[PDB]
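Since every read-out is calculated from the coordinates, none of them should be taken as a lab result. Counting neighbours? That spans all protein chains shown, and the Cβs are built from the backbone with ideal geometry, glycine included.
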Protein chains: 4
Amino acid sequence: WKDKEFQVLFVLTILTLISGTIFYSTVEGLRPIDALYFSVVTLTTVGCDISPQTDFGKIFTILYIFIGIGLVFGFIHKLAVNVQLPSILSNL
Amino acid sequence: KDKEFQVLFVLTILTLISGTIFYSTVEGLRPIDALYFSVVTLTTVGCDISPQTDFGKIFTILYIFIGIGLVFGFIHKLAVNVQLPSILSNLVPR
Amino acid sequence: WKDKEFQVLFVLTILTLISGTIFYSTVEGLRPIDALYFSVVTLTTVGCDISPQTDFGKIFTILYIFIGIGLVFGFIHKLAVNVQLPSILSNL
Amino acid sequence: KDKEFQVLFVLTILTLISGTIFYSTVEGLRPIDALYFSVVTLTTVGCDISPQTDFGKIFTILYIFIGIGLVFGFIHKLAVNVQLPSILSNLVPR
Ligand SMILES: [Cl-]
Ligand SMILES: [Cl-]
Ligand SMILES: [Cl-]
Ligand SMILES: [Cl-]
Ligand SMILES: [K+]
Ligand SMILES: [K+]
Ligand code: NA
Ligand code: NA
Ligand code: NA
Ligand code: NA
Ligand code: NA
Ligand code: NA
Ligand code: NA
Ligand code: NA
């Protein structure tokens, strides 16, 4: 968690999710929790059962995916290392 | 043989048990549907349904971030340590 | 296309998609084209707007994902190399 | 500078144009919706809708297999050649 590389990826991920939450809650009229949910399932590629209704929201979502998918998967990978390492080091 | 593979297998199993319990309690799904939802979420396939409760939405966000990395680490190790050697062995003329 | 590694991945992918098409068209009652579509969008993780209705179909789908996702992405990667190489070699 | 990146960018753009034309003609989508569908399909996010015509289903299957590899090759090159250097530059104290 002290690893600056992990810390920066965390910050970038949080900032990207905040931006999506603000966007979808104000332009697409979603409750904050639903805007955050939509942002997360979009950038992790899980998807969900809704899509943006406005043209602005569709264009934003296209750009958001290309801006954010690589960072989010970089963060998920670094997070996975941190989470599994204590179990690996106990199982040695 | 591979202790990292052992860890990822056990952690994957525990992660899917946790999701099965969570979605069957909080989202009211039958256990098999809760397991299905957990699997398609963490492999990023996705489901035709989404959580309905705010607790379910929050949990799912955290489950995604922790669970994708573990499940795909397991899938990668399964491919290199189990599936690839089996394919190669099954291609040998005997 | 003569690369045996690519050829084997193609065969494995086709056989896996045939199995899913047979399964979903007979157990989940989908038309063949819809059963193939469901099999493809599942193993590529795109997803779609339906899910299996039977418990047997849900269990099959879980196992199908773990049996098939790695092969399908291996094939997609090898296919991408083949498809882009003529353009790379013309752009040198 | 990177000719592989140039190729993947152009092929990605052409792939998305092709999908926009296809889904707006065959599936009747407005152009922006056809582009949206193409992007979420090839990045594997998925859409709340699916093709309705058999032509659309067949095309989508082929588009997925050819398009995922190109779009994710482009995303990887964008990350290593553009986004990573920019982040690093923007972290330098000046
Ligand atoms: Cl909220
Ligand atoms: Cl059950
Ligand atoms: Cl059919
Ligand atoms: Cl339009
Ligand atoms: K996906
Ligand atoms: K998906
Ligand atoms: Na989706
Ligand atoms: Na979806
Ligand atoms: Na969906
Ligand atoms: Na989905
Ligand atoms: Na889905
Ligand atoms: Na879906
Ligand atoms: Na849906
Ligand atoms: Na989807």
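A residue that is within 16 Å of ligand 11 (Cβ to nearest atom), surrounded by 14 or more Cβ atoms within 10 Å (Cβ to Cβ) and more than 20 Å from C:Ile33 (Cα to Cα) can be found somewhere in the range D:56-76. Condition check for B:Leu16 on (1) farther than 30 Å from D:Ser50 by Cα; (2) in contact (Cβ under 8 Å) with a residue 12 or more places away in the chain; (3) part of a helix (DSSP H, G or I): one failure, at (1).
Out of the range A:1-59, which residues are within 16 Å of ligand 6 (Cβ to nearest atom) and of a type in the set (A, V, I, L, M, F, W, C)? A:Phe38, A:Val40, A:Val41, A:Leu43, A:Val46, A:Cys48, A:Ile50 - these are the residues of the range A:1-59 that are within 16 Å of ligand 6 (Cβ to nearest atom) and of a type in the set (A, V, I, L, M, F, W, C). The requirement of being free of Cβ contacts under 8 Å to residues at least 24 places away in the same chain, within 16 Å of ligand 10 (Cβ to nearest atom) and not acidic (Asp, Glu) is fulfilled nowhere in the range C:71-92; no residue meets it.
With the requirement that a residue be facing another protein chain (nearest Cβ under 7 Å) and crowded, with 19+ Cβ neighbours inside 10 Å, what does the range A:71-83 give you? Within the range A:71-83, A:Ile76, A:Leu79, A:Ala80 meet the criteria. If you go through the range B:29-50 one residue at a time, do you hit one that is over 11 Å from the mean Cα position of the chain (by Cα), under 23 Å from C:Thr61 (Cβ atoms), surrounded by fewer than 21 Cβ atoms within 10 Å (Cβ to Cβ) and in contact (Cβ under 8 Å) with a residue 24 or more places away in the chain? No, every residue in the range B:29-50 fails to be over 11 Å from the mean Cα position of the chain (by Cα), under 23 Å from C:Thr61 (Cβ atoms), surrounded by fewer than 21 Cβ atoms within 10 Å (Cβ to Cβ) and in contact (Cβ under 8 Å) with a residue 24 or more places away in the chain. Selection of first residues in the range A:49-63 that are farther than 11 Å from A:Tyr24 by Cα and of second residues that are part of a loop (DSSP other than H, G, I, E, B) and within 11 Å of ligand 7 (Cβ to nearest atom), restricted to Cβ pairs under 6 Å at least 6 apart or on distinct chains, gives the following pairs, ordered by first then second residue: A:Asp49/B:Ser50; A:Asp49/D:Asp48; A:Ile50/D:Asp48.
Can you tell me which residues in the range B:41-50 are farther than 12 Å from A:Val41 by Cα and more than 7 Å from chain C (Cβ to nearest Cβ)? The one that is farther than 12 Å from A:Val41 by Cα and more than 7 Å from chain C (Cβ to nearest Cβ): B:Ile49. Residues considered: D:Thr60, D:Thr25, D:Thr12. Of these, the only one that is under 23 Å from A:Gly68 (Cβ atoms) and hydroxyl-bearing (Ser, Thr, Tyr) is D:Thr12.
Among the residues of the range C:54-65, write down those that are buried (at least 16 other Cβ atoms within 10 Å of the Cβ) and either more than 7 Å from chain B (Cβ to nearest Cβ) or among the polar types (S, T, N, Q) (or both). Residues satisfying the conditions are C:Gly57, C:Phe60, C:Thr61, C:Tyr64.
Is it true that D:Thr25 is among the hydroxyl-bearing types (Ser, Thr, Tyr), part of a helix (DSSP H, G or I) and closer than 20 Å to A:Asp49 by Cβ?
Values: among the hydroxyl-bearing types (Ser, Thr, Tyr): yes; part of a helix (DSSP H, G or I): yes; closer than 20 Å to A:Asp49 by Cβ: no.
Answer is no for this residue.
Applying the condition of being assigned to a loop (DSSP other than H, G, I, E, B) and of a type in the set (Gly, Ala, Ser) to the range B:42-68 and asking which residue is nearest to ligand 6 (Cβ to nearest atom) yields B:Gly46.
Cβ separations smaller than 7 Å between residues 6+ apart or across chains give the following pairs from the range C:20-40 residues that are within 12 Å of C:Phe60 (Cβ to Cβ) and touching a residue at least 24 places away in the same chain (Cβ under 8 Å) to residues that are of a type in the set (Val, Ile, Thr) and in a helix (DSSP H, G or I): C:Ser39/C:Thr21. Among residues that are part of a helix (DSSP H, G or I), touching a residue at least 60 places away in the same chain (Cβ under 8 Å) and either of a type in the set (S, T, N, Q) or at the interface with another protein chain (Cβ under 7 Å from one of its Cβ atoms) (or both), D:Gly73 is included.
Within the range D:51-70, the residues that satisfy the criterion of being over 17 Å from A:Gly47 (Cα atoms) and either in contact (Cβ under 8 Å) with a residue 12 or more places away in the chain or within 16 Å of ligand 1 (Cβ to nearest atom) (or both) are D:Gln52, D:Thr53, D:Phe55, D:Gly56, D:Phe59, D:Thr60, D:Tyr63, D:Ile66, D:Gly67, D:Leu70.
Which residue out of C:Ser39, C:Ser51, C:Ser19, C:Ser87 is part of a helix (DSSP H, G or I), closer than 29 Å to B:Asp48 by Cα and within 14 Å of chain D (Cβ to nearest Cβ)? Give the derivation first.
On the way: C:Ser51 fails: part of a helix (DSSP H, G or I); C:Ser19 fails: within 14 Å of chain D (Cβ to nearest Cβ); C:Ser87 fails: closer than 29 Å to B:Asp48 by Cα.
Checking each option against the conditions leaves just C:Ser39.
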